[PDB]
């Protein structure tokens, strides 16, 4: 009980640390879902002056971790599929919404959508979770 509670607190802590390092802020969060935001900076732009896939993945991963933690269900991604629809340019404010779609005994499935300030879809993620 207190051990489980301690583990949830620890999971939250590590998640907040990654968010801070990435400049991510929680906008909304409840049971099974989290909405976080991040502003693309010149530092995270690739050769094409757009946010590199690695940053986008990190943003999505952070929103997924928050969605797991909202219910004390710490998990790691075992697989993930990503569709890039529009580039994330410098200055853009990206909002990532993660939502649980299925929660089994040991695994689960989470959906994550990233949109820009114009409310247009930047990328769609669907990941399988472990534990």
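Numbering follows the first chain given and starts at 1.
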- Would you tell me which stretch averages the higher CA B-factor in the PDB entry, 37-45 or 58-66? 37-45
- Between 69-77 and 47-55, point out the one with the higher average CA B-factor as the PDB entry records it. 47-55
- Cα B factor band for residue 103 (lowest, middle or highest third within the chain): highest
- Message: Ranking the modelled residues of this chain by C-alpha B-factor as given in the entry, is residue 124 in the lowest, middle or highest third?
- Response: lowest
- Going by the recorded CA B-factors, say which third of the chain residue 118 sits in, lowest, middle or highest. highest
- Entry-reported C-alpha B-factor of residue 25 relative to its chain, by third, is highest
- Taking the entry's C-alpha B-factors for this chain, is residue 16 in the lowest, middle or highest third? middle
